[PDB]
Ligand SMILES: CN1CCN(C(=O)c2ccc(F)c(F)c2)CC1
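Quick setup: one chain, the form deposited without this ligand, written in structure tokens, and binding and motion questions come after.
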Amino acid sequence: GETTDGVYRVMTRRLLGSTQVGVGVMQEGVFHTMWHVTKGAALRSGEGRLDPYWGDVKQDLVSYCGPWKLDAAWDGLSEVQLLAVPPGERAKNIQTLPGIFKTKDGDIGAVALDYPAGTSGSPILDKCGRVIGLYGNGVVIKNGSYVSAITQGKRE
């Protein structure tokens, strides 16, 4: 399969036509996505198979072919870019100043950008192009709009 670093669409043919269920990050030979995208199923890259290596339903994350590699963090100050990969549409940078999710266990960056659910797993980047987390696990607000955590894993 293709193992070049970059952003990838996650597709299924189990529905009408070819449907984009989410997005993920290929870095150092490991594929990174949100649990709710794959539900931990195996993936195909061309004729190659990608098997789940690590996952956590509560973190809503999953890695394929090896351990989670992405360890950069939001500074808490600076604008960030969602590299949105929407269903049927070209990858597009969107620059935004994250808000904050305040939880009993700590503060998390959040990004108030509305995209179709099949955008889940698109990366959020800092100014050096490092992946500080994955978009698509968050909450529906008073307005009816969507606000997504910046969800990051731990590199062991």
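The first residue of the sequence shown is number 1, and the count goes up from there.
Omitted from view is the form solved in complex with this ligand, to which the following refers.
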Taking this ligand in the entry with it bound and overlaying it onto this form via the surrounding C-alphas, would you call the pocket open or blocked, using 3+ ligand atoms within 2.4 Å of backbone or C-beta atoms as the cut?
blocked
4.5 angstroms heavy atom contact with this ligand in the entry with it bound for residue 67:
yes
Does this ligand get within 4.5 angstroms of any non-hydrogen atom of residue 59 in the entry with it bound?
yes
Any chance 8, 24 and 45 all have a heavy atom within 4.5 Å of this ligand in the entry with it bound?
no
Which residues in 48 to 65 have a heavy atom within 4.5 Å of this ligand in the entry with it bound?
53, 54, 59, 63
